[PDB]
Number of protein chains: 4
Amino acid sequence: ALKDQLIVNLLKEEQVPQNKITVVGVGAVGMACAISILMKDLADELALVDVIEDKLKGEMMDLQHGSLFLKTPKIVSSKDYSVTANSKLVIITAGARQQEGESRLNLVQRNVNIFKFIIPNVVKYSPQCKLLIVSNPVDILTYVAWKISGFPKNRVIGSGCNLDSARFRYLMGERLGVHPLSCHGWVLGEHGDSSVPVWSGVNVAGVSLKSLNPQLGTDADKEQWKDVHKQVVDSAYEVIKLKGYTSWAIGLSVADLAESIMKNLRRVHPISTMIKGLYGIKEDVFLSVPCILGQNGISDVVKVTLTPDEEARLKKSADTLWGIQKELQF
Amino acid sequence: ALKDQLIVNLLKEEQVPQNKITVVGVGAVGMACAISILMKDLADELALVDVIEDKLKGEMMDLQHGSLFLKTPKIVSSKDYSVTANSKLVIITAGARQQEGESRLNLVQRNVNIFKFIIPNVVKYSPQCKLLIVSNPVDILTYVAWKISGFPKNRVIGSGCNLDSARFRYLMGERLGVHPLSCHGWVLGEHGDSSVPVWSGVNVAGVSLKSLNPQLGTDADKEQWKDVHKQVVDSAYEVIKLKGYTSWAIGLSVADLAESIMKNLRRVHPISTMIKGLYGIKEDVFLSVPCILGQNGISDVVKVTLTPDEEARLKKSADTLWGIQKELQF
Amino acid sequence: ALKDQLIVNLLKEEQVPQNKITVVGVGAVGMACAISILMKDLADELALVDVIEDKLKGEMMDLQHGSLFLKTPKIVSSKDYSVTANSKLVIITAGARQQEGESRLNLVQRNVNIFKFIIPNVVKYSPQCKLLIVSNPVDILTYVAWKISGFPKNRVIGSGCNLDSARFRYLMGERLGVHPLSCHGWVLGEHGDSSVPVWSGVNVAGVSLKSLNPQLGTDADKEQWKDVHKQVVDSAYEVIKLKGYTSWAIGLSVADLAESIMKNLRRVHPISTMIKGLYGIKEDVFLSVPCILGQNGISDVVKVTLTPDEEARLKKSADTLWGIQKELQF
Amino acid sequence: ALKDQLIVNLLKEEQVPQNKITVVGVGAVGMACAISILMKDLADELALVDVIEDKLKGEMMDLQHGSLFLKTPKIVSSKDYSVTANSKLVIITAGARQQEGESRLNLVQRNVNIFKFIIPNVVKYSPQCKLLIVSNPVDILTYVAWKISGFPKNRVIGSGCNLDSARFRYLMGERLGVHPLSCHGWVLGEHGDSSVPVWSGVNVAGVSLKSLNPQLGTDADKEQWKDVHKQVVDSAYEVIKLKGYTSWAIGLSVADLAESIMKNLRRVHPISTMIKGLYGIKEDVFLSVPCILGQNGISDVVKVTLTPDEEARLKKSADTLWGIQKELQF
Ligand SMILES: Cc1nc2ccc(NC(=O)CCNC(=O)NCCOc3ccc(CC(C(=O)O)C(=O)O)cc3)cc2s1
Ligand SMILES: Cc1nc2ccc(NC(=O)CCNC(=O)NCCOc3ccc(CC(C(=O)O)C(=O)O)cc3)cc2s1
Ligand SMILES: Cc1nc2ccc(NC(=O)CCNC(=O)NCCOc3ccc(CC(C(=O)O)C(=O)O)cc3)cc2s1
Ligand SMILES: Cc1nc2ccc(NC(=O)CCNC(=O)NCCOc3ccc(CC(C(=O)O)C(=O)O)cc3)cc2s1
Ligand SMILES: Cc1nc2ccc(NC(=O)CCNC(=O)NCCOc3ccc(CC(C(=O)O)C(=O)O)cc3)cc2s1
Ligand SMILES: Cc1nc2ccc(NC(=O)CCNC(=O)NCCOc3ccc(CC(C(=O)O)C(=O)O)cc3)cc2s1
Ligand SMILES: Cc1nc2ccc(NC(=O)CCNC(=O)NCCOc3ccc(CC(C(=O)O)C(=O)O)cc3)cc2s1
């Protein structure tokens, strides 16, 4: 053989991948996550899983053809979950998506049914994984993935409001003529219609915008900053109306979270987690609050100081989500 | 105003972008080129152009929303070519695509018609840009864009065989158990069924595979390495059949060329250029040969020593292209 | 020639660089600025300048030998300023450095004299550049460089407190178990002994540390957070005592500024700029305040709401600098 | 505590890093390896070891201070090897370095004595690590480290000719006006005076320079390409004569090797390995040959087909190293 005439093997020792990531679902969101992760050099192996065999194989092949231009030496795929073995991170992007004028909360029964099959199959092969839930409704589905997997809460994370806050900072950046990296502002609660803009923490270089304009984000606001949060809520629906779905911003948001987990950065992200005990919330509600994210998932929660109004709205977001949780049959 | 209570403006000046890239066409190919260019931090401004307004705006907004995760501070879009003013590089991804089982050569007239409108509009707003042609049949469309633009040949580049070569190195690497970066092999001529594998130059660490296997790539080869090239040829068809189209591999291949251009790397890439005078070729045929690629586009061409068999194959590829090319009127 | 047998030249176009950066001074600081800039791929051309012929050539050569691992195709050096022609960014690291126990302010006469020679020569060859002053005392030398150059104030930037702030954030991060990227805090004023910690602005996810601990930064503070600032002020001296000089942190700080400038990011950095007209300062004092940094240098200043105490501290920093500055002759 | 008012901890756990790198020795080379590894985002933990306590603490602090601009969340140091625990890769840059005009082989006994202390300590704390030997004479010290460690040969690697080859490629690139990435040349054998240029493998885009110029690298060669190899051999001497030592190029070469290891790349590098069984070498000689490098270190070796003269030159290099490997007492 040519290979043996060219190369002498000196070590047969087959090995386990050290930094493996799995993406479940090869729809537009799943593939945006995949390409983003590959372009950030986060994994030594990427596995893709779906139920549509041809689409799955075609997606994997297309990525494989780009290997010369990447630094992820192994890209694999299968409808079989054995292909996901030894993953450090499992990203769940499977399920029904909302039509225009349909709530993400309306996806609940359909996506819980899909999760009942995916979750156990996924956890089985990767004892060291963190579960990163992207599928909607993300908050409810992070709670669902937590209850089905039986994982500790630190290991089960929802992409939640990382994208909402990225949109909030883009929009604030645009109004102020400043890069989003230097515009700070938090959108917490549901990754949906009940999200909460934390006006009290909106700042540039530590300067509170609300200290400058105390009416910031109210109906009394001369510059109607509330319209920025309105634009954040309406973002998915405006883009869906235009191109039929969304994929790039979410793929980059998910890759941002994968980077913190894979590199143990311990950076703070507004992501879906269990908030029972915080803000007088006594139920097992999952929703976005600032979390410290690293190699063991969420190791810590940032206790944001909310004004009674921001706190009322966060509790309103938690009540909405709890009501929806009351519909779950396991 | 809040902005004025927060920020003291010291310079109101609206300066020209210095590293601008335009992508014409927001189909799956154009969007893969856009995402890859953004992940590679190649541009300070990205412009998108298409004819379908909602789609175009939606793609732009989706990319805009991921700004927090990027280093490209301005992403714009319009059907109007004024949006492309002062681009350093304009990437053409517009046009008809082949069906599964249809030659790229069969798109010629449809894409020539579209190029008759696109090219003068690009030239009007960026008369000093480098034109990178991706639309199929790439080799013929590069010639057509060169004829329409009136640009010198160095500034009209076709993505050509950059991808065929990346696929060849991926397959070679998978057979040898070596990363494609360390597997060298060139696929030249038409980015199509008449491409030419240069078996004489196929190597690992400067070790000629042909010196180890004199029948390498021939019908008489025991290991049938010619099948690797057949897999390169069938790549697009295979992927179109499974997923419906191709995008990721071409998007990374285009980002690779954009990088050599934007960064003046002077790396060698197998890309579409005029080959009149080489290998006894008399006509204005454009096809892939190893080119030195930098800030002024194609400055030089590497003279590959071809065997009588490889030469004959390239001459036939040149022959197939001119047969279509000669008939054209625009 | 072998080059002509291998390569056919198609274009004899001289080529002018598009993203050229010059580093004046090949001392530990200049070289740490160079390697960081090179590893962030910010330039297509790097030029080095010094007065020690041998040191200059050796450093230039050592960088050149790493070319295969870099994306900067041209590395050049000379004692002649013609080597720096057409730079977009010129980083000044030439000058005397302070001993242990000596103030950066004591370097003023030696460094003003050196700048009288350097600044006109840089300005002669790069009329479009941004001048980035690193040499000490940075705040006074920025003013000196601005007065000599004839450049508008937006294009004369001091590295200032970008380092002091990175140090503050690292220590804050270490205390909190959070990445410095998520620990916000600002050190303004002189890059020196009179720098000002803006406790009122110190926060994690928008949560004011001073709201949780009102005693923050005072002698009354049980956790002695004032010590974080004392460690920031003592940093250079502590590191000089241990290693003989500082280089890695300043090099990364400078490369951070180079990235916002070269890439037109419009990020907010605490860098040296004219403060006349803010905080009741009546003289042409240059010190660090949060600035929007882009392709035209400093376009805007963020007006920080300082507590009376923090403002008095800032005004004392300004007084300290003017004391030195008013005694200058050039 | 302010930390606890701000943060709620979910999980008080053992933070064993997953991608840990140790650099032993904080001289100019060790620090160039450290900066290059940090700027390539290869590790989640960097540990520095040295015998000079103040110099070590100063270097650690200086890097730590640049943390905000990095993605390596923990940088530590100690003279005690407990700090190196659970390293994936341990880089040895400790020992005497050569003076102007002193041979690397002259450092042999001083460094062997140092390796008798270092190697058992590294092994005690990271028994499963890959050992990357940089200290000179690297070929000999890789054999020394292998014998002392008792590690299998795949996990004991010498930086070897990776730098000699990058230099050769830079010089060839400069001569041809092509980026070093597209210029292929291999320098094998000792990283020093007896290194071997493989003229038969020198090429651009699979085009052999020797087929174009049959006298390439010989005395008869009109263009004197043998002078390119002489410059590779003289490089460290020329740079030591100019700047006092070398650092940038080796640091970048070492980070390149660290990248193949950490990311399981399976790239081919000319590195120090046991060559017993090749080219008529019957003894335990370590020297550079092309090696497939990944997560298990060197798993395979490319059998380079050398000319009778190139083979003779390699046997000569092997004879030189074995003669001295016999000068060893440990
Ligand atoms: C083996 C199996 N086991 C189960 C178990 C349960 C279910 N259950 C359901 O099927 C749930 C009901 N389904 C919906 O109502 N879906 C709403 C439509 O939403 C979408 C979602 C994604 C795209 C992809 C799209 C893009 O990503 O852009 C593209 O790429 O084409 C398009 C439309 C099915 C199976 S199949
Ligand atoms: C038994 C079974 N096993 C499997 C295995 C795989 C699959 N495969 C798929 O179903 C793939 C196709 N479907 C999807 O990709 N759906 C996920 C969409 O998730 C999101 C999440 C967030 C956004 C962001 C957006 C918004 O929040 O709306 C905004 O804010 O912009 C958009 C869409 C099906 C099955 S069935
Ligand atoms: C304002 C205008 N001026 C003109 C002038 C001329 C023409 N020219 C023609 O249309 C002539 C007919 N062309 C073909 O025969 N097309 C073959 C099918 O090729 C494709 C190509 C792309 C996709 C898009 C793809 C993606 O977005 O990735 C997806 O999924 O839809 C789908 C099918 C159109 C216009 S519109
Ligand atoms: C007057 C007018 N102005 C405009 C302006 C914009 C648009 N917009 C579009 O046309 C967008 C939709 N169309 C496309 O995206 N088509 C481009 C397809 O190009 C490629 C190239 C290479 C590959 C790689 C592949 C292969 O080579 O097959 C392999 O090898 O894997 C695949 C597809 C239409 C008009 S009409
Ligand atoms: C053609 C010319 N025209 C002029 C005109 C004026 C002046 N003026 C002065 O010379 C000013 C007087 N100098 C001092 O008092 N120096 C105090 C200590 O400064 C340092 C600085 C750096 C290092 C580290 C550095 C290294 O070791 O060199 C490294 O490699 O990192 C060590 C000590 C010189 C020239 S030369
Ligand atoms: C007529 C002439 N033309 C030339 C041309 C070139 C040269 N060449 C040199 O002078 C090179 C050697 N000199 C230096 O490198 N000195 C500048 C050091 O600048 C800094 C800046 C910041 C820090 C950060 C640090 C701190 O602030 O102390 C902290 O906080 O950690 C440390 C040191 C001399 C001449 S003379
Ligand atoms: C018991 C003990 N434990 C310890 C622990 C730590 C330390 N610490 C140090 O010894 C640090 C200071 N010493 C060094 O840094 N020396 C190593 C230099 O290594 C190289 C390697 C390659 C090149 C490349 C170059 C060339 O090959 O020359 C070219 O080709 O450009 C240059 C220099 C001492 C002891 S003693």
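Don't overthink the numbers, they just go from 1 along the chain as shown.
This entry, so its header tells us, was determined using X-ray crystallography, 1.8 Å.
Just so you know, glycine gets a Cβ as well, placed from its N, Cα and C.
These features come from Swiss-Prot:
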ACT_SITE  C:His191  active site, proton acceptor
BINDING   C:27-55, C:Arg97, C:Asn136  NAD(+) binding site
BINDING   C:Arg104, C:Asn136, C:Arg167, C:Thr246  substrate binding site
CROSSLNK  C:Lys55  SUMO2 cross-link
MOD_RES   C:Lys55  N6-acetyllysine
MOD_RES   C:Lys79  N6-acetyllysine
MOD_RES   C:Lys116  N6-succinyllysine
MOD_RES   C:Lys124  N6-acetyllysine
MOD_RES   C:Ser211  phosphoserine
MOD_RES   C:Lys222  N6-acetyllysine
MOD_RES   C:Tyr237  phosphotyrosine
MOD_RES   C:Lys241  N6-acetyllysine
MOD_RES   C:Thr307  phosphothreonine
MOD_RES   C:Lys316  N6-acetyllysine
MOD_RES   C:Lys316  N6-succinyllysine
MOD_RES   C:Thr320  phosphothreonine
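A map of Swiss-Prot features onto the structure.
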| residue | record | Cβ contacts under 8 Å, 6 or more apart |
| --- | --- | --- |
| C:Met31 | NAD(+) binding site | C:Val23, C:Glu59, C:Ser247, C:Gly251 |
| C:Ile35 | NAD(+) binding site | C:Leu63, C:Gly251 |
| C:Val51 | NAD(+) binding site | C:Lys79 |
| C:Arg104 | substrate binding site | C:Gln98, C:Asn136, C:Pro137, C:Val138, C:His191, C:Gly192, C:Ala236 |
| C:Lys124 | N6-acetyllysine | C:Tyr81 |
| C:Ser211 | phosphoserine | none |
| C:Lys222 | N6-acetyllysine | C:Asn213, C:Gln215 |
| C:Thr246 | substrate binding site | C:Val29, C:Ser235, C:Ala236, C:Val239, C:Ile240 |
| C:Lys316 | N6-acetyllysine | C:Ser194 |
| C:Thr320 | phosphothreonine | C:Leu105, C:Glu190, C:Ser194 |
Contacting recorded positions for ligand 6, chosen from C:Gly27, C:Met31, C:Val51, C:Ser211, C:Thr246 when the Cβ sits under 6 angstroms of any of its atoms: C:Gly27, C:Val51, C:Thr246
Cα-Cα distance maximum in Å, computed over every pair in C:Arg104, C:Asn136, C:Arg167, C:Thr246 that the record assigns to substrate: 18
Of C:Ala43, C:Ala47, C:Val51, C:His191, C:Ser211, C:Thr307, chain D-adjacent recorded positions (C-beta under 8 angstroms): none
Any further residue of that chain within 8 Å (Cβ to the Cβ centroid of C:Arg104, C:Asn136, C:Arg167, C:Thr246) of the recorded substrate site: C:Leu163, C:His191, C:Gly192, C:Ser235, C:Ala236, C:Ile250
Packing count at C:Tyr237 (phosphotyrosine) (other Cβ atoms within 10 Å of its Cβ): 16
Between C:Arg167 (substrate binding site) and C:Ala43 (NAD(+) binding site): CA-CA distance (Å): 26
Spatial neighbour of C:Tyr237 (phosphotyrosine) that is closest, considering only the binding-site residues C:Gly27, C:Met39, C:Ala47, C:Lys55 and their CA atoms: C:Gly27
Integer Å distance between the CA atoms belonging to C:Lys55 (NAD(+) binding site) and C:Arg167 (substrate binding site): 30
Filtered C:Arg167, C:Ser211, C:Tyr237 - recorded positions with C-beta under 8 A from chain A: C:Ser211
Residue with minimal Cβ packing [other Cβ atoms within 10 Å] among the recorded positions C:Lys55, C:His191: C:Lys55
Site of maximum Cβ density within 10 Å, from recorded positions C:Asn136, C:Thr307: C:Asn136
Secondary structure at C:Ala47 (NAD(+) binding site), reduced by DSSP to three states: strand
Local Cβ density at C:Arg167 (substrate binding site) - other Cβ atoms counted within 10 Å: 28
Least Cβ-crowded entry, counting other Cβ within 10 Å, from the binding-site residues listed as C:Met39, C:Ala43, C:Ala47: C:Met39
For C:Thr246 (substrate binding site): DSSP state (helix, strand, coil): coil
Among C:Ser211, C:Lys241, C:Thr307, the modified residues whose C-beta sits under 6 Å from ligand 5: none
Neighbours of C:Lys241 (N6-acetyllysine) among the recorded positions C:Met39, C:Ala47, C:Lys55, C:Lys116, C:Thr307 (Cα to Cα, within 10 Å): none
Cβ neighbours of C:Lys79 (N6-acetyllysine) where a neighbour is any other Cβ within 10 Å: 11
Spatial separation of C:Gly27 (NAD(+) binding site) from C:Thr307 (phosphothreonine) - C-alpha basis, Å: 40
Between C:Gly27 (NAD(+) binding site) and C:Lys116 (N6-succinyllysine), the C-alpha gap once rounded to whole angstrom: 19
